[PDB]
């Protein structure tokens, strides 16, 4: 099964033009992006799903800016990227569910908002 470089929390302010949520699989084995499935959860609702077999992204209305960098996936980078407009309204624990064909794994990362 998939293992992770776990980071407990990442925080953003107004200065961050874009906010990234890390996700790093340390034991991925896929030789092709068609074998990887990526899903992000916020409160029990799927926020971003990337079906590598279909090369299709799926995001709701209030997460339109959310996407990941597919070019970095084969190295284990499943980090979520979104515009800060979508980040401020939705702050909390994020689950990064990575699927490699039959193998699976998930990690919990809290996105925190700071103010100066």
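Positions refer to the first chain, counted from 1.
Of the two stretches examined, 41-49 and 28-36, the record assigns the greater average C-alpha temperature factor to 41-49. Just going by the entry, 71-79 versus 58-66 on mean CA temperature factor gives the higher value to 58-66.
Residue-level temperature factors show residue 98 in the lowest third of its chain, judged at the C-alpha atom. Residue 115: CA B factor in the highest third of modelled residues in this chain (values from the PDB entry).
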